[PDB]
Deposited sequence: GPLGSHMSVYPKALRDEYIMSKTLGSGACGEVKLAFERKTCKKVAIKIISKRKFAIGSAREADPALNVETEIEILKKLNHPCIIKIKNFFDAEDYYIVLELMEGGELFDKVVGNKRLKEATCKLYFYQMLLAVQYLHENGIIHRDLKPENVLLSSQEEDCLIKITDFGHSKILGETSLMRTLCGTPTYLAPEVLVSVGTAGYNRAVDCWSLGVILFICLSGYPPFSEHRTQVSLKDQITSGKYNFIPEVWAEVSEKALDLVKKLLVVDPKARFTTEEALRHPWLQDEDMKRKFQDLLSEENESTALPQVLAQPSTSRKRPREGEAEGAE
C-alpha cells in the first residue's frame, strides 16, 4: 500500500506511534502532527470533533477520505495515560488530581454540548508533554452518541396504544451521560491504586456480577497511601444507580477538587500552550 496523493501533498509521513497512529510533518509549517488511519461513523466523529472546542479535547487539523480514512490531529508528545498506569504503576495523588480535574472539565464540556463519549479509558487520555505536570486531552470519539428523543415525541400523544415498557423507560430516561461518570470513576481508581476496581484476577465472582453489584476489589495496604477525600470521590462515582451517581458538576464541587494550587498549576499550563497562538490584546 501507499498514502493518497492529496495527503502526501501536505504532509511528510514518518515513524509509527501506535499499531493506527503515525507521526507526520506539515510541509507548510514544518511542525509535527499525528495522523490517525481508520481502515474502511467516521463522518460523525469528524462532525463532532470539528464543532467541539476545549483545551482538554483533541482538535482535528485536517481529514482525508480515501481507500482508508486519514485524520490529522495535534501531536501529544506525552503519549497515552495508559502507559503511565500499566503494570501496577502508581501516579502521585497530586498528579491524579491534576489529570482528573482536566478529565472532569472535558467531560462536563461534552455533556453541556450534548455529547456522550461512551468509551473513556486510560488509552483514550493523552498527555501533552513527557513531564508529570502537563495538559491532558480526551481522544477517540468513535463510540460517542449525540443527544430530542423518540420518547419525547411519543409522550406528546395519548398512550391509548402505548406499550407499558415504554411508559416504564420514562423514569430512567435522559441519564445515558452517567455512563461517562462511571468510566471516570473506574479511571480515577486505576490512577490512585495502580490496580482496576473490577477484574477477573484472583476472583470467583464474574466480571458482570462485580460491576452490577458495584462491589469493587478493595486492597487496604494500597489505599492507605491514598487520602479519604480521594477515595470518597471514587465511592461517589462508582454508584450502581445512575440517578444517584455523581455528575461531573458534583465531582468538580467535591472537597478533593477544592485544591487552589492544583487549579493554579493547570491555569499556568494553559497560558504556557496559549503563548504560541496569542494575538496582541486590545486594552
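Deposited-sequence ranges lacking C-alpha coordinates, in sequence order: Gaps in the modelled chain, taken against the deposited sequence, lie at 1-7, 27-30, 52-66, 174, 311-329.
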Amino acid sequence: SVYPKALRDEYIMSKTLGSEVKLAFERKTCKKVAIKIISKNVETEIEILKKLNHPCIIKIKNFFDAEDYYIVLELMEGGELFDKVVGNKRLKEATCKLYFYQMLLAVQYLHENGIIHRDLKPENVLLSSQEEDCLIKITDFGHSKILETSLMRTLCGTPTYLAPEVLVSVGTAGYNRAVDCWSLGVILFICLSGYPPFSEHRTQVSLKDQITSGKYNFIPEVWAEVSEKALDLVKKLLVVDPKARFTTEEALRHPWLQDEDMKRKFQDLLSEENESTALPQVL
From here on, numbers count along this sequence of modelled residues.
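Coordinates absent for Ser19 in a third or more of other entries: Missing in at least a third of the others, so yes.
Flanks modelled, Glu148 absent in at least a third of other entries: Yes, left without coordinates in at least a third.
Entry-level comparison of average CA B-factors, 80-88 and 107-115, reporting the higher stretch: If you average the C-alpha B-factors of 80-88 and of 107-115, the larger mean comes out for 80-88.
Greater mean Cα temperature factor according to the PDB record, 157-165 or 178-186: Mean CA B-factor is higher for 157-165.
Deposited CA B-factor, highest of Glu123, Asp209, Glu131, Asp140: Of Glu123, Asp209, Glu131, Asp140, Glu131 has the highest C-alpha B-factor.
Deposited CA B-factor, highest of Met152, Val170, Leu98, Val72: Max CA B-factor in the entry, restricted to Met152, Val170, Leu98, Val72: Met152.
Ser193 - which third its CA temperature factor falls in, relative to the rest of the chain: Middle third by C-alpha B-factor.
Third assignment of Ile219 from its chain's C-alpha B-factors: Ranked within chain, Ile219 CA B lands in the highest tercile.
Within-chain third of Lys31 by Cα B-factor, per the entry: Middle third - that is where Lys31 ends up once the chain's C-alpha B-factors are sorted.
Position of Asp241 among the chain's modelled residues by C-alpha B-factor, lowest, middle or highest third: Lowest third - that is where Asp241 ends up once the chain's C-alpha B-factors are sorted.
Position of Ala66 among the chain's modelled residues by C-alpha B-factor, lowest, middle or highest third: Tercile = highest for this residue's CA B-factor.
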